[PDB]
Amino acid sequence: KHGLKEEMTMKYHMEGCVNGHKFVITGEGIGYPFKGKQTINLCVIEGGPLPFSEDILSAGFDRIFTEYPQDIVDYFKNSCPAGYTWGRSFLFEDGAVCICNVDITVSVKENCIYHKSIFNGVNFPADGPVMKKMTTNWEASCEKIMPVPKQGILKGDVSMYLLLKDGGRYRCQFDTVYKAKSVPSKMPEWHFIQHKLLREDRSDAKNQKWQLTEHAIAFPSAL
Amino acid sequence: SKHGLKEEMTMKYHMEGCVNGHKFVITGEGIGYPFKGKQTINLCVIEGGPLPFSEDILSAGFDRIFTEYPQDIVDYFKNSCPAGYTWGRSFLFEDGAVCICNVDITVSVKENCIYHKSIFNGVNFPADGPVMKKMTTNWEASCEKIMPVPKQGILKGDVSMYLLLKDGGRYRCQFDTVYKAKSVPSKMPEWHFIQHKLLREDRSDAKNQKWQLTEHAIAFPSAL
Amino acid sequence: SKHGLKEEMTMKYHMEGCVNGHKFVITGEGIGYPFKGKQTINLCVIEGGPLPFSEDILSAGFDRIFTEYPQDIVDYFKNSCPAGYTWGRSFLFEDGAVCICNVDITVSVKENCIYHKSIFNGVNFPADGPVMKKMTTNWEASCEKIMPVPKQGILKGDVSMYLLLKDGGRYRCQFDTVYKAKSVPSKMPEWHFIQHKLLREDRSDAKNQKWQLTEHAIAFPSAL
Amino acid sequence: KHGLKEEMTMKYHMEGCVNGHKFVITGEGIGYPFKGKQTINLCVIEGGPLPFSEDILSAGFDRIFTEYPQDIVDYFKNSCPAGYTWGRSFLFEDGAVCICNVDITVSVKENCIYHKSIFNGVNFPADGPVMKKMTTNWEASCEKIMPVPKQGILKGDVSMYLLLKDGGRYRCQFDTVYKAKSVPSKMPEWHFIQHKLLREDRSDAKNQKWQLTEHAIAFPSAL
């Protein structure tokens, strides 16, 4: 349905520039859109090794990978196979700001999902936990998703926390807009999406590489 | 009954406040079910009524004792009883207005009653905005994140709240709370979620400004 | 002397406050020169001393009557006299803490004295931070932007402030003020700048917490 | 001094993507670095006509154009001819966020200053004053500039206001980092910089074009 099988293959292309550093990453993955799990492998093909932590990029590389229950309209899967676009701002507690823009499309032939990402940040402190690579993982989150009735789009709101190697937290505010390419027939009532996102660095002598795994579920307001 | 608490209980409220320069004083009584996370309270404005602003900005100002905890998570609030606890919270509204609230909570075991004393102050709400124009209906149901601060012995609350407007729209507000037991706790909870739902019905009339709040709160671990 | 004002004048202060849950009350007297924008005040903590926090967060809490205006800009504050004016201000500190301040100012023509009554509340300052650790020295000189809000008859103040730390560093705070004359003004100023410089010297000892503030303020148009 | 004459010629290259819209602008100008005035002409060479207001870009296209008094260290002119780089975040009252990154260099041969700008924004409201082109001019500002002692860099802080066609204001918060390419010998004490920046659109049937003029002076804390 909507050009999607239970198991799918996926591909990523990030162009970024963080604190003045330009880089370029590409990746491949195997996801399960209906179970809302995915797993992708990324490899830096310019600007390696990155002067900053891998974690700020995690959210840059898809709400299609989110288990919806029957009774909540699945905006993202609905928008397929044409797909959708989002833009997102990141505000970190220590004054840095990243913006990310993404264009997602499905190739029904390939049974593959294409991501094309623009990612830019500034004013990370040189001796801060990002630029000094002090971060372990984003902590599990509960994102609020809300319709915007007359624009035909969705709004993402979530206060994220990056876990630092000493045990502390590094707060970021994500505010996403999600916008399907087609005019959506049916629109969701607001709900929640919980996320659990992991990273293992798999770097080596030649390339910088790591793997992400996400699991995302939508839930209602319930109670 | 181990912490001055009981399945069914009773509550009382005193808020002194000033919003956009306007002073007020409100009190109320309520019946609560701490272990089921259900409370109900009736409030009356006794000085400075009718409020030139919406009642809704005050609702969250008036107790995380009223939260259903599952047994696998340390209930810091109930443990803090009967001495009880205090919190300070900031409200950052999308149209730039800011409120602060301080609250002291304590249990009278003799009365089986829980006492709240609330200081609430707010500045720079636009005259033409949905608060000073009383365009608001109700806070929308929420999911608050609660995190331990191990070495301070205190909890931090972070939630992005939304107030519904009669039009149909949303008016955002950022709540950042610190909750601090009066007595050094031995067990601290690992972080978790608490979901809230809070409704209001105005019950006013000619003589007095009055209204009722119903809150239902449950704590969860991460769902995954 | 047209607005209850004089070249040389005298002032008095009452602040009730609560920061990170700690209640206090402070008063003071001062001598001011409204037309030269120079004031000097001595403050004493009379309830809840010694403060568990830095004195500096209160300084800007304690009057834009004390501002040298050039003759080509409407001085809304002096015009508001002798009835006077009120303001509400929010302090957003970089380490997430938030304060709110409300102030009522009025002149006694009989005393040639200017009366300030200040409500000041602050929440969520980190225990280990430069405020609760009293690491602060002095606000750094500023340039505040003042803008008319024509149809509300009121002024908005916006300034990014910096508090110097003994290390050498800066600790930022965002001030957003509304200033509101008690009486509907006929002339409103076009927007302008006001530059401030505000110094403190603690004058405390065994018996009482005491200190002195000196402020000098001048208003400018855009320099270009 | 520092590879700069009293009158200079200047050139601009912006790549941007705003609310998902990609574009590309180039420009030329005549500036007076020591009198702190400049004037540049810009022309959109991709993505014209822009779906958003010209004004959000003004600050994207140089603190070399700033009259310093003798007694304040001129960081920017000092950093020349090698030049400098900056990154800046824009936070607008209605929740939109833009980031901009710039690389400035002087060509002593040409007596010309080169700008190369990356500019990206998200989450402008579709019916807001930006996307609906409701803006007239940035209102005159007073920017605070502060040394960062041990990093060898400067920090920019200024609350900006865009004037709307109805007469109101649209607040943005600029927070810039300025970073010379060379290790600076001497460092400034903090000061102010006042700016007055103007726009006149000079569009026509074929291209979108407009002119900016700035005047910037540094002043001390004085009083």
# chains A, B, ... in the order shown; residues from 1 in each chain; ligands from 1
>>> select_by_dssp(residues="chain C", states="strand (DSSP E)", output="ChimeraX atom specification")
/C:9-19,22-33,38-47,85-93,98-108,113-123,136-139,142-149,154-165,170-181,192-202,210-220
>>> interface_residues(of="chain A", to="chain B", cutoff="12 Å", atoms="only C-alpha atoms", output="ChimeraX atom specification")
/A:36-37,139-150,155-161,167-169,171-175,190-197,214-223
>>> write_last_selection(atoms="N, CA and C atoms", output="short mmCIF file (atom, residue, chain, number, x, y, z; two decimals), in the first residue's frame")
data_model
loop_
_atom_site.label_atom_id
_atom_site.label_comp_id
_atom_site.auth_asym_id
_atom_site.auth_seq_id
_atom_site.Cartn_x
_atom_site.Cartn_y
_atom_site.Cartn_z
N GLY A 36 7.71 0.11 12.25
CA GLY A 36 8.38 1.32 12.66
C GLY A 36 9.79 1.16 13.16
N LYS A 37 10.52 0.15 12.67
CA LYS A 37 11.99 0.03 12.93
C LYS A 37 12.82 0.27 11.66
N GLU A 139 18.71 10.53 24.10
CA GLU A 139 17.86 9.82 25.01
C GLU A 139 16.44 9.68 24.43
N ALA A 140 15.76 8.60 24.82
CA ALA A 140 14.45 8.31 24.28
C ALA A 140 13.45 9.48 24.47
N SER A 141 12.65 9.71 23.44
CA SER A 141 11.84 10.90 23.36
C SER A 141 10.38 10.59 23.10
N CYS A 142 9.58 11.59 23.41
CA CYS A 142 8.17 11.60 23.09
C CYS A 142 7.83 12.89 22.35
N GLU A 143 7.69 12.77 21.03
CA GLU A 143 7.45 13.90 20.11
C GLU A 143 5.97 14.14 19.95
N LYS A 144 5.54 15.38 20.05
CA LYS A 144 4.17 15.75 19.79
C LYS A 144 4.02 16.15 18.31
N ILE A 145 3.01 15.57 17.65
CA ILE A 145 2.71 15.81 16.24
C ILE A 145 1.31 16.36 16.17
N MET A 146 1.18 17.48 15.45
CA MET A 146 -0.04 18.26 15.42
C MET A 146 -0.41 18.69 14.00
N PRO A 147 -1.67 18.51 13.63
CA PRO A 147 -2.09 19.00 12.32
C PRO A 147 -2.13 20.51 12.27
N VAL A 148 -1.95 21.04 11.07
CA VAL A 148 -2.17 22.44 10.78
C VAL A 148 -3.25 22.48 9.73
N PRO A 149 -4.47 22.76 10.18
CA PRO A 149 -5.69 22.34 9.49
C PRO A 149 -5.70 22.79 8.03
N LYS A 150 -5.42 24.07 7.81
CA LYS A 150 -5.69 24.71 6.53
C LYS A 150 -4.48 24.78 5.59
N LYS A 155 3.09 19.52 12.33
CA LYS A 155 4.14 20.15 13.12
C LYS A 155 4.73 19.31 14.21
N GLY A 156 6.03 19.22 14.23
CA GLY A 156 6.73 18.43 15.19
C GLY A 156 7.36 19.22 16.27
N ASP A 157 7.16 18.78 17.48
CA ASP A 157 7.66 19.43 18.64
C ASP A 157 8.28 18.42 19.58
N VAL A 158 9.53 18.54 19.91
CA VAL A 158 10.07 17.61 20.92
C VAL A 158 11.33 18.16 21.56
N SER A 159 11.38 18.11 22.89
CA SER A 159 12.58 18.48 23.63
C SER A 159 13.52 17.29 23.76
N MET A 160 14.62 17.30 23.01
CA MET A 160 15.55 16.18 22.99
C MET A 160 16.70 16.34 23.98
N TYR A 161 17.29 15.21 24.36
CA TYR A 161 18.43 15.18 25.27
C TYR A 161 19.51 14.23 24.83
N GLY A 167 27.79 11.54 32.04
CA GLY A 167 26.52 11.12 32.64
C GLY A 167 25.43 12.16 32.53
N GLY A 168 25.80 13.42 32.30
CA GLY A 168 24.85 14.51 32.11
C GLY A 168 24.10 14.50 30.76
N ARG A 169 23.40 15.61 30.53
CA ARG A 169 22.39 15.78 29.47
C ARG A 169 22.63 17.03 28.69
N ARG A 171 20.57 19.38 26.28
CA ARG A 171 19.26 19.57 25.75
C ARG A 171 19.28 20.23 24.39
N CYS A 172 18.46 19.68 23.50
CA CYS A 172 18.12 20.35 22.23
C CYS A 172 16.60 20.46 21.99
N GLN A 173 16.16 21.53 21.35
CA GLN A 173 14.74 21.67 20.96
C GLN A 173 14.57 21.45 19.47
N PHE A 174 13.87 20.37 19.08
CA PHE A 174 13.53 20.14 17.68
C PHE A 174 12.18 20.72 17.41
N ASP A 175 12.06 21.52 16.35
CA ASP A 175 10.74 21.98 15.83
C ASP A 175 10.68 21.73 14.32
N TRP A 190 -4.02 15.34 16.51
CA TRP A 190 -2.71 15.37 17.08
C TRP A 190 -2.49 14.07 17.86
N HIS A 191 -1.25 13.65 17.99
CA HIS A 191 -0.88 12.47 18.74
C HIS A 191 0.58 12.55 19.23
N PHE A 192 1.08 11.43 19.71
CA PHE A 192 2.47 11.38 20.13
C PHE A 192 3.19 10.36 19.29
N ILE A 193 4.50 10.54 19.19
CA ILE A 193 5.38 9.57 18.62
C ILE A 193 6.55 9.45 19.57
N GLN A 194 6.80 8.23 20.01
CA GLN A 194 7.93 7.96 20.85
C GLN A 194 9.01 7.41 19.99
N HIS A 195 10.25 7.71 20.34
CA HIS A 195 11.39 7.31 19.54
C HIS A 195 12.43 6.76 20.43
N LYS A 196 13.14 5.75 19.96
CA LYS A 196 14.36 5.32 20.58
C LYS A 196 15.37 5.13 19.50
N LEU A 197 16.44 5.93 19.55
CA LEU A 197 17.45 5.99 18.51
C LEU A 197 18.88 5.68 19.02
N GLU A 214 16.72 3.02 14.67
CA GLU A 214 15.61 3.69 15.29
C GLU A 214 14.45 2.71 15.48
N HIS A 215 13.61 3.01 16.47
CA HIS A 215 12.31 2.39 16.60
C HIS A 215 11.35 3.49 16.98
N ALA A 216 10.24 3.62 16.27
CA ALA A 216 9.31 4.71 16.52
C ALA A 216 7.89 4.21 16.51
N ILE A 217 7.13 4.59 17.53
CA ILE A 217 5.72 4.24 17.60
C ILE A 217 4.88 5.48 17.81
N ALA A 218 3.69 5.51 17.20
CA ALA A 218 2.73 6.58 17.45
C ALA A 218 1.68 6.11 18.43
N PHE A 219 1.26 7.02 19.27
CA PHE A 219 0.39 6.69 20.32
C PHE A 219 -0.47 7.86 20.45
N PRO A 220 -1.74 7.57 20.94
CA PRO A 220 -2.53 8.74 21.19
C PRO A 220 -2.31 9.35 22.52
N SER A 221 -3.15 10.31 22.68
CA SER A 221 -3.12 11.20 23.75
C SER A 221 -3.33 10.45 25.03
N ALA A 222 -3.61 9.17 24.96
CA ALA A 222 -4.17 8.40 26.05
C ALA A 222 -3.40 8.20 27.36
N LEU A 223 -4.07 8.17 28.50
CA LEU A 223 -5.39 8.71 28.79
C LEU A 223 -6.00 9.72 27.80
#
>>> atom_distance(atom1="CA of residue 44 (chain C)", atom2="CA of residue 28 (chain C)")
6.0 Å
>>> residues_around(residues="region 74-76 of chain C", least_positions_apart="5", cutoff="12 Å", atoms="only C-alpha atoms", output="number ranges by chain")
C: 3, 34-35, 37, 63-69, 81-82, 84-86, 146-148, 153-156, 179-192, 194, 218-221
>>> write_last_selection(atoms="C-alpha atoms", output="PDB file, in the first residue's frame")
ATOM      1  CA  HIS C   3       5.855  67.183  36.839  1.00  0.00           C
ATOM      2  CA  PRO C  34      16.356  62.973  37.175  1.00  0.00           C
ATOM      3  CA  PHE C  35      17.395  65.511  34.555  1.00  0.00           C
ATOM      4  CA  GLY C  37      20.116  60.697  34.654  1.00  0.00           C
ATOM      5  CA  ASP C  63      13.407  53.871  37.089  1.00  0.00           C
ATOM      6  CA  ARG C  64      13.670  55.533  33.708  1.00  0.00           C
ATOM      7  CA  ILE C  65      12.744  58.884  35.215  1.00  0.00           C
ATOM      8  CA  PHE C  66      16.476  58.859  36.000  1.00  0.00           C
ATOM      9  CA  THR C  67      17.478  59.169  32.337  1.00  0.00           C
ATOM     10  CA  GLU C  68      18.981  62.200  30.605  1.00  0.00           C
ATOM     11  CA  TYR C  69      16.784  62.923  27.609  1.00  0.00           C
ATOM     12  CA  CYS C  81       4.792  62.197  36.653  1.00  0.00           C
ATOM     13  CA  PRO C  82       3.859  62.910  39.315  1.00  0.00           C
ATOM     14  CA  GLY C  84       4.026  58.152  37.658  1.00  0.00           C
ATOM     15  CA  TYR C  85       4.167  54.779  36.002  1.00  0.00           C
ATOM     16  CA  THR C  86       4.590  51.023  36.340  1.00  0.00           C
ATOM     17  CA  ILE C 146      12.978  51.638  23.596  1.00  0.00           C
ATOM     18  CA  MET C 147      10.045  51.407  21.253  1.00  0.00           C
ATOM     19  CA  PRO C 148       6.549  52.971  21.312  1.00  0.00           C
ATOM     20  CA  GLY C 153      -0.024  54.049  24.878  1.00  0.00           C
ATOM     21  CA  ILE C 154       2.976  52.137  26.289  1.00  0.00           C
ATOM     22  CA  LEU C 155       6.668  51.521  25.714  1.00  0.00           C
ATOM     23  CA  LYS C 156       8.629  48.312  25.176  1.00  0.00           C
ATOM     24  CA  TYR C 179       6.600  50.539  30.701  1.00  0.00           C
ATOM     25  CA  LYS C 180       3.096  51.835  31.228  1.00  0.00           C
ATOM     26  CA  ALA C 181       2.164  55.357  32.403  1.00  0.00           C
ATOM     27  CA  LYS C 182      -0.827  55.467  34.744  1.00  0.00           C
ATOM     28  CA  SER C 183      -2.423  58.252  32.787  1.00  0.00           C
ATOM     29  CA  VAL C 184      -3.023  58.187  29.028  1.00  0.00           C
ATOM     30  CA  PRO C 185      -0.115  60.194  27.492  1.00  0.00           C
ATOM     31  CA  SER C 186      -0.735  62.568  24.585  1.00  0.00           C
ATOM     32  CA  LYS C 187       2.762  62.562  23.098  1.00  0.00           C
ATOM     33  CA  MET C 188       4.514  59.282  22.472  1.00  0.00           C
ATOM     34  CA  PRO C 189       8.229  59.103  21.650  1.00  0.00           C
ATOM     35  CA  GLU C 190       9.526  57.639  18.388  1.00  0.00           C
ATOM     36  CA  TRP C 191      11.837  54.739  19.267  1.00  0.00           C
ATOM     37  CA  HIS C 192      15.298  55.448  20.626  1.00  0.00           C
ATOM     38  CA  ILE C 194      19.044  54.369  26.194  1.00  0.00           C
ATOM     39  CA  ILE C 218      21.378  58.597  28.838  1.00  0.00           C
ATOM     40  CA  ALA C 219      18.940  58.432  25.904  1.00  0.00           C
ATOM     41  CA  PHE C 220      20.007  58.801  22.312  1.00  0.00           C
ATOM     42  CA  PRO C 221      18.582  58.719  18.859  1.00  0.00           C
TER      43      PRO C 221
END
>>> closest_atom_pairs(of="chain A", to="chain D", cutoff="10 Å", atoms="only C-alpha atoms", output="CSV")
residue,atom,partner,partner_atom,distance
A:17,CA,D:101,CA,8.7
A:18,CA,D:101,CA,9.3
A:19,CA,D:87,CA,7.1
A:20,CA,D:101,CA,6.9
A:85,CA,D:20,CA,8.1
A:86,CA,D:20,CA,8.1
A:87,CA,D:122,CA,5.5
A:88,CA,D:122,CA,6.5
A:89,CA,D:97,CA,6.7
A:90,CA,D:97,CA,9.2
A:91,CA,D:97,CA,9.6
A:95,CA,D:175,CA,8.7
A:96,CA,D:89,CA,8.2
A:97,CA,D:89,CA,6.7
A:98,CA,D:99,CA,7.4
A:99,CA,D:121,CA,7.0
A:100,CA,D:122,CA,8.0
A:101,CA,D:20,CA,6.9
A:102,CA,D:20,CA,8.4
A:103,CA,D:20,CA,8.9
A:118,CA,D:17,CA,8.9
A:119,CA,D:120,CA,8.9
A:120,CA,D:99,CA,7.4
A:121,CA,D:99,CA,7.0
A:122,CA,D:87,CA,5.5
A:123,CA,D:177,CA,6.4
A:124,CA,D:177,CA,9.6
A:125,CA,D:151,CA,9.6
A:126,CA,D:151,CA,8.1
A:127,CA,D:151,CA,9.4
A:151,CA,D:126,CA,8.1
A:155,CA,D:123,CA,9.6
A:175,CA,D:123,CA,8.4
A:176,CA,D:123,CA,7.6
A:177,CA,D:123,CA,6.4
A:178,CA,D:123,CA,9.7
>>> write_last_selection(atoms="N, CA and C atoms", output="short mmCIF file (atom, residue, chain, number, x, y, z; two decimals), in the first residue's frame")
data_model
loop_
_atom_site.label_atom_id
_atom_site.label_comp_id
_atom_site.auth_asym_id
_atom_site.auth_seq_id
_atom_site.Cartn_x
_atom_site.Cartn_y
_atom_site.Cartn_z
N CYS A 17 27.32 21.51 6.35
CA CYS A 17 28.41 22.39 6.83
C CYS A 17 28.23 22.80 8.30
N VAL A 18 29.03 22.22 9.19
CA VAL A 18 28.89 22.48 10.62
C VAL A 18 30.06 23.31 11.11
N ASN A 19 29.79 24.38 11.85
CA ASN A 19 30.81 25.30 12.34
C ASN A 19 31.82 25.68 11.28
N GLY A 20 31.37 25.80 10.04
CA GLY A 20 32.28 26.09 8.92
C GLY A 20 32.86 24.87 8.21
N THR A 85 8.51 16.16 2.29
CA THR A 85 9.64 16.97 2.69
C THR A 85 9.48 17.53 4.12
N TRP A 86 10.60 17.74 4.81
CA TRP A 86 10.54 18.41 6.09
C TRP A 86 11.73 19.33 6.25
N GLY A 87 11.54 20.33 7.10
CA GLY A 87 12.56 21.24 7.55
C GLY A 87 12.42 21.25 9.08
N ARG A 88 13.54 21.44 9.77
CA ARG A 88 13.60 21.26 11.19
C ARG A 88 14.66 22.17 11.75
N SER A 89 14.39 22.77 12.89
CA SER A 89 15.40 23.56 13.56
C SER A 89 15.81 22.86 14.83
N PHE A 90 17.08 22.98 15.18
CA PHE A 90 17.65 22.36 16.38
C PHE A 90 18.17 23.52 17.23
N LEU A 91 17.72 23.65 18.46
CA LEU A 91 18.27 24.67 19.37
C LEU A 91 18.87 23.96 20.58
N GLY A 95 23.52 27.38 23.04
CA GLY A 95 23.47 28.47 22.03
C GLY A 95 23.73 28.13 20.58
N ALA A 96 24.14 26.89 20.27
CA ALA A 96 24.31 26.44 18.86
C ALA A 96 22.96 26.18 18.20
N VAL A 97 22.89 26.34 16.89
CA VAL A 97 21.67 26.12 16.12
C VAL A 97 21.99 25.42 14.81
N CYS A 98 21.28 24.32 14.56
CA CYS A 98 21.35 23.62 13.29
C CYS A 98 20.01 23.66 12.66
N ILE A 99 19.99 23.73 11.34
CA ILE A 99 18.78 23.56 10.56
C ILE A 99 19.01 22.39 9.61
N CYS A 100 17.96 21.62 9.33
CA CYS A 100 18.03 20.50 8.40
C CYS A 100 16.82 20.50 7.49
N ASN A 101 17.02 20.16 6.22
CA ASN A 101 15.97 20.09 5.20
C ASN A 101 16.12 18.74 4.52
N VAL A 102 15.01 18.05 4.27
CA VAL A 102 15.08 16.72 3.71
C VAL A 102 13.99 16.51 2.66
N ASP A 103 14.32 15.79 1.60
CA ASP A 103 13.38 15.44 0.54
C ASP A 103 13.34 13.92 0.43
N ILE A 118 20.01 18.30 3.30
CA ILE A 118 20.84 19.47 3.46
C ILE A 118 20.94 19.68 4.97
N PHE A 119 22.14 19.82 5.51
CA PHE A 119 22.26 20.04 6.96
C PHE A 119 23.31 21.09 7.33
N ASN A 120 22.90 22.16 8.02
CA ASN A 120 23.83 23.25 8.39
C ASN A 120 23.75 23.73 9.82
N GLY A 121 24.89 23.85 10.52
CA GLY A 121 24.94 24.40 11.89
C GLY A 121 26.03 25.45 12.15
N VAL A 122 25.83 26.26 13.18
CA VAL A 122 26.80 27.29 13.56
C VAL A 122 26.96 27.37 15.06
N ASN A 123 27.99 28.09 15.48
CA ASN A 123 28.17 28.54 16.85
C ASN A 123 28.12 27.41 17.85
N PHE A 124 28.62 26.25 17.48
CA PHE A 124 28.95 25.27 18.51
C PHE A 124 30.20 25.80 19.18
N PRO A 125 30.26 25.80 20.53
CA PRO A 125 31.50 26.15 21.22
C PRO A 125 32.60 25.16 20.93
N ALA A 126 33.79 25.65 20.60
CA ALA A 126 34.91 24.78 20.23
C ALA A 126 35.19 23.73 21.28
N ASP A 127 35.18 24.11 22.55
CA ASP A 127 35.46 23.12 23.61
C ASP A 127 34.16 22.53 24.24
N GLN A 151 -3.30 24.52 6.13
CA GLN A 151 -2.10 24.44 5.33
C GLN A 151 -1.85 23.03 4.82
N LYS A 155 3.09 19.52 12.33
CA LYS A 155 4.14 20.15 13.12
C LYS A 155 4.73 19.31 14.21
N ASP A 175 12.06 21.52 16.35
CA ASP A 175 10.74 21.98 15.83
C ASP A 175 10.68 21.73 14.32
N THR A 176 9.97 20.67 13.96
CA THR A 176 9.85 20.22 12.59
C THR A 176 8.55 20.66 11.95
N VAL A 177 8.59 20.98 10.65
CA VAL A 177 7.42 21.00 9.76
C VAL A 177 7.49 19.82 8.75
N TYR A 178 6.38 19.09 8.60
CA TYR A 178 6.29 17.98 7.65
C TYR A 178 5.22 18.29 6.62
#
>>> interface_residues(of="chain C", to="chain B", cutoff="10 Å", atoms="only C-alpha atoms", output="short mmCIF file (atom, residue, chain, number, x, y, z; two decimals) with N, CA and C atoms, in the first residue's frame")
data_model
loop_
_atom_site.label_atom_id
_atom_site.label_comp_id
_atom_site.auth_asym_id
_atom_site.auth_seq_id
_atom_site.Cartn_x
_atom_site.Cartn_y
_atom_site.Cartn_z
N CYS C 18 11.01 36.51 46.21
CA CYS C 18 11.30 35.12 46.43
C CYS C 18 12.12 34.60 45.24
N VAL C 19 13.38 34.23 45.48
CA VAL C 19 14.22 33.62 44.46
C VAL C 19 14.64 32.20 44.82
N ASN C 20 14.50 31.25 43.88
CA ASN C 20 14.67 29.80 44.16
C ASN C 20 14.03 29.38 45.49
N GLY C 21 12.83 29.89 45.75
CA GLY C 21 12.09 29.55 46.95
C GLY C 21 12.41 30.38 48.17
N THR C 86 4.26 52.38 35.93
CA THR C 86 4.59 51.02 36.34
C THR C 86 5.31 50.23 35.19
N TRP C 87 6.13 49.25 35.56
CA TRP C 87 6.65 48.33 34.60
C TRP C 87 6.72 46.90 35.09
N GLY C 88 6.77 46.00 34.11
CA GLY C 88 6.85 44.56 34.29
C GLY C 88 7.96 44.21 33.35
N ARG C 89 8.87 43.35 33.81
CA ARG C 89 10.05 42.95 33.07
C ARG C 89 10.35 41.46 33.26
N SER C 90 10.79 40.79 32.18
CA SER C 90 11.28 39.40 32.29
C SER C 90 12.79 39.30 32.06
N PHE C 91 13.44 38.47 32.88
CA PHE C 91 14.88 38.23 32.86
C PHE C 91 15.09 36.78 32.42
N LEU C 92 15.60 36.58 31.22
CA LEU C 92 15.92 35.22 30.77
C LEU C 92 17.41 35.03 30.76
N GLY C 96 19.21 29.12 31.83
CA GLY C 96 17.81 28.72 31.92
C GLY C 96 16.94 29.30 33.03
N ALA C 97 17.55 30.00 33.99
CA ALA C 97 16.78 30.56 35.10
C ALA C 97 15.91 31.72 34.65
N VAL C 98 14.77 31.90 35.29
CA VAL C 98 13.87 33.01 34.94
C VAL C 98 13.37 33.80 36.15
N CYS C 99 13.43 35.13 36.02
CA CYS C 99 12.91 36.09 36.99
C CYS C 99 11.84 36.94 36.32
N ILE C 100 10.92 37.41 37.13
CA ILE C 100 9.97 38.41 36.72
C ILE C 100 9.98 39.54 37.73
N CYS C 101 9.84 40.76 37.27
CA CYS C 101 9.76 41.89 38.17
C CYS C 101 8.63 42.86 37.79
N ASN C 102 7.83 43.25 38.77
CA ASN C 102 6.79 44.27 38.63
C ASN C 102 7.13 45.43 39.53
N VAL C 103 6.93 46.64 39.04
CA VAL C 103 7.31 47.83 39.81
C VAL C 103 6.31 48.96 39.61
N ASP C 104 6.01 49.60 40.74
CA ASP C 104 5.10 50.71 40.75
C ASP C 104 5.89 51.88 41.25
N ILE C 119 7.95 44.01 43.22
CA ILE C 119 7.72 42.59 43.41
C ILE C 119 8.74 41.88 42.54
N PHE C 120 9.53 40.98 43.12
CA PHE C 120 10.55 40.28 42.36
C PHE C 120 10.59 38.79 42.68
N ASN C 121 10.38 37.96 41.65
CA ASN C 121 10.41 36.50 41.82
C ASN C 121 11.28 35.79 40.84
N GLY C 122 12.08 34.83 41.32
CA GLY C 122 12.95 34.05 40.44
C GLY C 122 12.97 32.56 40.73
N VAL C 123 13.02 31.74 39.67
CA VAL C 123 13.03 30.29 39.79
C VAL C 123 14.13 29.63 38.96
N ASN C 124 14.44 28.38 39.32
CA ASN C 124 15.37 27.48 38.59
C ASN C 124 16.73 28.08 38.26
N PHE C 125 17.38 28.74 39.23
CA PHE C 125 18.83 29.02 39.13
C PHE C 125 19.63 27.82 39.65
N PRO C 126 20.47 27.22 38.80
CA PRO C 126 21.35 26.13 39.23
C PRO C 126 22.15 26.41 40.48
N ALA C 127 22.00 25.52 41.45
CA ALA C 127 22.76 25.50 42.67
C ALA C 127 24.23 25.85 42.42
N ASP C 128 24.84 25.12 41.50
CA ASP C 128 26.26 25.30 41.14
C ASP C 128 26.56 26.46 40.17
N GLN C 152 -1.44 51.15 22.27
CA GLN C 152 -1.54 50.75 23.66
C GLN C 152 -1.15 51.86 24.61
N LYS C 156 7.94 49.58 24.98
CA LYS C 156 8.63 48.31 25.18
C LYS C 156 10.15 48.44 25.17
N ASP C 176 13.23 41.92 28.88
CA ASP C 176 12.17 42.48 28.05
C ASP C 176 11.18 43.20 28.96
N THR C 177 11.13 44.52 28.87
CA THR C 177 10.29 45.32 29.75
C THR C 177 9.10 45.97 29.03
N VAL C 178 7.96 46.09 29.73
CA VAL C 178 6.88 47.00 29.31
C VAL C 178 6.79 48.12 30.33
N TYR C 179 6.78 49.36 29.86
CA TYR C 179 6.60 50.54 30.70
C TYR C 179 5.27 51.18 30.35
N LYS C 180 4.47 51.42 31.37
CA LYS C 180 3.10 51.83 31.23
C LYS C 180 2.78 53.00 32.20
#
>>> closest_atom_pairs(of="region 13-33 of chain D", to="region 61-71 of chain D", cutoff="12 Å", atoms="only C-alpha atoms", output="JSON lines")
{"residue": "D:13", "atom": "CA", "partner": "D:61", "partner_atom": "CA", "distance": 7.8}
{"residue": "D:14", "atom": "CA", "partner": "D:61", "partner_atom": "CA", "distance": 7.2}
{"residue": "D:15", "atom": "CA", "partner": "D:61", "partner_atom": "CA", "distance": 10.6}
{"residue": "D:16", "atom": "CA", "partner": "D:61", "partner_atom": "CA", "distance": 11.4}
{"residue": "D:25", "atom": "CA", "partner": "D:61", "partner_atom": "CA", "distance": 9.6}
{"residue": "D:26", "atom": "CA", "partner": "D:61", "partner_atom": "CA", "distance": 9.3}
{"residue": "D:27", "atom": "CA", "partner": "D:61", "partner_atom": "CA", "distance": 8.7}
{"residue": "D:28", "atom": "CA", "partner": "D:61", "partner_atom": "CA", "distance": 10.3}
{"residue": "D:29", "atom": "CA", "partner": "D:61", "partner_atom": "CA", "distance": 10.7}
{"residue": "D:30", "atom": "CA", "partner": "D:65", "partner_atom": "CA", "distance": 10.7}
{"residue": "D:31", "atom": "CA", "partner": "D:65", "partner_atom": "CA", "distance": 7.2}
{"residue": "D:32", "atom": "CA", "partner": "D:65", "partner_atom": "CA", "distance": 6.8}
{"residue": "D:33", "atom": "CA", "partner": "D:65", "partner_atom": "CA", "distance": 4.4}
